[PDB]
Undergrad: 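Dumping the structure here so I can ask a few things about it.
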2 protein chains.
Amino acid sequence: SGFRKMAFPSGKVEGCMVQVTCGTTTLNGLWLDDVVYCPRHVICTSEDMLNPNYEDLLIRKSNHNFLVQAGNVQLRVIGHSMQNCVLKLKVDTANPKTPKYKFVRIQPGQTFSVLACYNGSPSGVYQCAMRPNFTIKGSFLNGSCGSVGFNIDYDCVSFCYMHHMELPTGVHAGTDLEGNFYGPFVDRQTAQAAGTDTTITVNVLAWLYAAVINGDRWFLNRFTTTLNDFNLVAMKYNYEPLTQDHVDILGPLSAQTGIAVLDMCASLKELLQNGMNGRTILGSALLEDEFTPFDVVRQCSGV
Amino acid sequence: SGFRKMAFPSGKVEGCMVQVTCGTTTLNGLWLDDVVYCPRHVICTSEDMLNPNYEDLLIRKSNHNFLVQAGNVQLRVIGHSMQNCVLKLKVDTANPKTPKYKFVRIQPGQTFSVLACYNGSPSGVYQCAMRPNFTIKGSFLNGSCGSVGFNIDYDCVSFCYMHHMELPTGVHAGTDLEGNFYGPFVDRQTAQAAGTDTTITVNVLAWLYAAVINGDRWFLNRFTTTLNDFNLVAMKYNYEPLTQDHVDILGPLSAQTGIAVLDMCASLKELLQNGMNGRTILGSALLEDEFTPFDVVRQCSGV
Ligand SMILES: *C(=O)[C@H](C[C@@H]1CCCNC1=O)NC(=O)[C@H](CCCC)NC(=O)/C=C/c1ccccc1
Ligand SMILES: *C(=O)[C@H](C[C@@H]1CCCNC1=O)NC(=O)[C@H](CCCC)NC(=O)/C=C/c1ccccc1
């Protein structure tokens, strides 16, 4: 029993983190086979983040402008190229610790683990969700750029996020490992801000199932609801619409608890309309939306 | 910016996890140098957990009764002994991945990372606090016994917890790595239950400082309070007394924010008396007490 925000074990990713310096800027890189991946803004000076032509800065750079350090072993850069908003630095040594891996782009509402790093050295690990507005609510200080987000299945690491910047609201923006930003964000200095966010409805329902599996039952009721009348209430409270696919995805949790999805939807509607009146669910006084149905099943396996 | 429940990178500990089987019971062991540490209840049968004489079961066991598997390599047990509630299984191979390590016992109110494991294979990592009543609120299923809790400083792993059991309330109990239980709990079948818990006051104040560092300021006020009048209110709300040492420990966070500790205490008193009236702090509608002052400083380094 018990339910926690749980990250994947970070060992396989720790072995891939290196330090990348260009000019006076140091950040983190990801060392897989003979390539080091890092944010391309490492080549920017502060005189040129208003409107950097990243191409421009890059043609003016050479291999020796990039210092790559793996622990206390310098790697020699033998090639450099740009892939969207990421740099690929070819090095003369393949990483002996390279795990089986994939580069995957995730969907809003999906979760992943972040290995926060500074100067190529891991500092901590935590779980994030990709928000509907393509930001993440992380914990990132200056120097954390190039830290990565990932999931593990079996022992293949699926990398899904590389960290690039913080927005004025204190949330974070980054790319997939092909260097394509999540959301309408750019690696140049603008007044860019997060657009309007919403609550991940299917995840809230997953977490209510987690609560029932762990013996929190006070919010349950007889009532059921129609999907249509549920989505009418969800819309009013800035919740994403619930689709039939979401209902299907919640199937296994519904079977294990014996609580039909639309039965649980009636509980959520009443929580949205009444609040909790001083009670908590799984230690929370708010409805939690950063656990996917998979997260719940994986952690709550057989109670 | 940002503040998350962050665990230590788990890589150094992942390399120490093995699988231990005795009879039909399988659980996890910790492999350091040529010793494997595991809960002694691995030698119990279900016919004998009412009143096991653990000594008895152990004299009746031989080295070959213990099957130790490290990945897919069986380790040969060449000696076995009991150390309080932990078994020490001497094996014929020293773990080549043994980190620098220490066995440390922690205090109620201190935090640590848990590497949840099943069949010697790590599943996830999360942060726990030792509750004032010496339980932990973890996430543990059958088979998780022998998973360990730890902190890292520099690159020395300080192991502080080994998991043994779940209480009827769904919280968890375990030992230090010398096999001495935290709290009044025993590795035998009783109606044992967690005693009365309290809120870790110094940690709540640390987390309020975290919030201020991250731009959450709405709960602040002019008021200051005396330590005596604060502790009168804390007592009423089941909060631990705040000592002058706690005040001193909060010194650096007070300096960085420019908010005196007793100034922040006045904010906490009003939160305790009024609630938040619909607002949140660092994404929480409850006052969070599982971040130590160190946790905050380490994560909030320079904003
Ligand atoms: C990379 O290490 C660094 C991390 C940031 C910076 C400190 C705050 N938290 C983080 O994650 N990334 C940058 O410094 C980045 C480079 C921009 C590309 C030219 N810029 C930002 O993060 C912008 C912060 C900001 C916030 C509000 C208004 C303007 C700028
Ligand atoms: C070890 O792997 C296992 C883990 C437990 C069991 C399932 C629930 N969550 C856990 O962490 N530990 C045990 O099974 C343990 C062995 C007891 C020593 C003889 N016993 C318990 O955890 C007791 C659970 C319980 C709860 C309420 C009433 C009675 C028993």
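One-based numbering, in listed order, for ligands and for the atoms of each. All chains are named by letter (A, B, ...) in the order of the sequence lines, taking the proteins before the strands, and each is independently numbered beginning at 1.
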Undergrad: What is the ring orientation for A/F8 with A/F150, classed by angle as parallel under 30°, tilted 30 to 60°, or perpendicular over 60°?
TA: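 Ring orientation of A/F8 relative to A/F150: tilted.
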Undergrad: My understanding is that only one of B/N151, B/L32, B/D176 makes a side chain to side chain contact (heavy atoms under 4.5 Å, CB included) with B/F159; could you say which?
TA: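 Looking at B/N151, B/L32, B/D176, the match for B/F159 under the side chain to side chain contact (heavy atoms under 4.5 Å, CB included) is B/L32.
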Undergrad: Evaluate the ring planes of A/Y37 and A/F103, with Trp represented by its six-membered ring, and classify them as parallel (under 30°), tilted (30 to 60°) or perpendicular (over 60°).
TA: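 Judged by the thresholds at 30° and 60°, the geometry between A/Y37 and A/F103 is perpendicular.
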Undergrad: Which bit of A/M49 is near ligand 1, meaning a heavy atom under 4.0 Å away: side chain, backbone, both or neither?
TA: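 Only the side chain of A/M49 comes within reach of ligand 1.
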Undergrad: Determine whether any heavy atom of A/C44 lies closer than 4.0 Å to an atom of ligand 1.
TA: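 For ligand 1, residue contact (heavy atoms, under 4.0 Å) with A/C44 is absent.
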Undergrad: Ring centres of B/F185 and B/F134 under 6.0 Å apart?
TA: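 So the answer is no for these two rings.
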Undergrad: Between A/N84 and A/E178, is there a donor-acceptor pair closer than 3.5 Å when you use the side chain of the first and the backbone of the second?
TA: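 Side chain of A/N84 to backbone of A/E178, a donor-acceptor pair under 3.5 Å: yes, one is there.
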Undergrad: Determine whether the aromatic ring centres of residues A/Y209 and A/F291 are separated by less than 6.0 angstrom.
TA: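 For A/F291 and A/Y209, the ring centres are not under 6.0 Å apart.
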Undergrad: Quick one: does NZ or CZ of B/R40 land under 6.0 Å from the six-membered ring centre of B/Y54, within 45 degrees of the ring axis?
TA: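 Yes, B/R40 sits over the ring of B/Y54.
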Undergrad: For ligand 1, which atoms have a heavy atom of A/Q189 less than 4.0 angstrom away?
TA: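 The atoms of ligand 1 under 4.0 Å from a heavy atom of A/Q189 are 29 (C), 30 (C).
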Undergrad: If we only consider heavy atoms of B/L27, is any one of them less than 4.0 Å away from an atom in ligand 2?
TA: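 Contact absent.
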Undergrad: Considering heavy atoms of the protein only, find what lies nearest to atom 20 (N) of ligand 2 and give residue, atom and distance to 0.1 Å.
TA: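 Ranking protein heavy atoms by distance from atom 20 (N) of ligand 2, first comes B/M165 CB, 4.0 Å.
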Undergrad: Out of A/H164, A/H172, A/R40, who is nearest to atom 13 (C) of ligand 1 when you count heavy atoms only?
TA: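 Heavy atom nearest to atom 13 (C) of ligand 1 belongs to A/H164.
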Undergrad: Go through ligand 2 atom by atom and flag the ones less than 4.0 Å from a non-hydrogen atom of B/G143.
TA: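 Close to B/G143: 2 (O).
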Undergrad: Counting each atom of ligand 2 from 1 as listed, which ones have a heavy atom of B/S144 under 4.0 Å away?
TA: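 The atoms of ligand 2 under 4.0 Å from a heavy atom of B/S144 are 2 (O), 11 (O).
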Undergrad: Would you verify whether the NZ or CZ of B/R105 falls within 45 degrees of the ring axis of B/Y182 while also being under 6.0 Å from that six-membered ring's centre?
TA: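 Ring-cation test returns yes.
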Undergrad: At what distance is the nearest protein heavy atom to atom 28 (C) of ligand 1, and which residue and atom is it?
TA: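 Atom 28 (C) of ligand 1 sits closest to the protein heavy atom A/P168 CG, 3.8 Å.
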Undergrad: Tell me, which protein residue and heavy-atom name are nearest atom 7 (C) of ligand 2, and how many Å apart are they?
TA: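 I find the closest protein heavy atom is B/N142 N, 3.7 Å.
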Undergrad: Can you find an N/O atom of B/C145 closer than 3.5 Å to an N/O atom of ligand 2?
TA: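 So ligand 2 has an N or O lying under 3.5 Å from an N or O of B/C145.
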Undergrad: Cation-pi check for A/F66 against A/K61: NZ or CZ below 6.0 Å from the six-membered ring centre and within 45 degrees of the axis, yes or no?
TA: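 No, A/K61 does not sit over the ring of A/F66.
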Undergrad: Less than 3.5 Å between some nitrogen or oxygen of B/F140 and one of ligand 2, yes or no?
TA: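 Such a contact does occur with ligand 2.
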Undergrad: Given A/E166, A/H41, A/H163, which one has a non-hydrogen atom that is nearest to atom 17 (C) of ligand 1?
TA: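 When every heavy atom of A/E166, A/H41, A/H163 is considered, A/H41 comes closest to atom 17 (C) of ligand 1.
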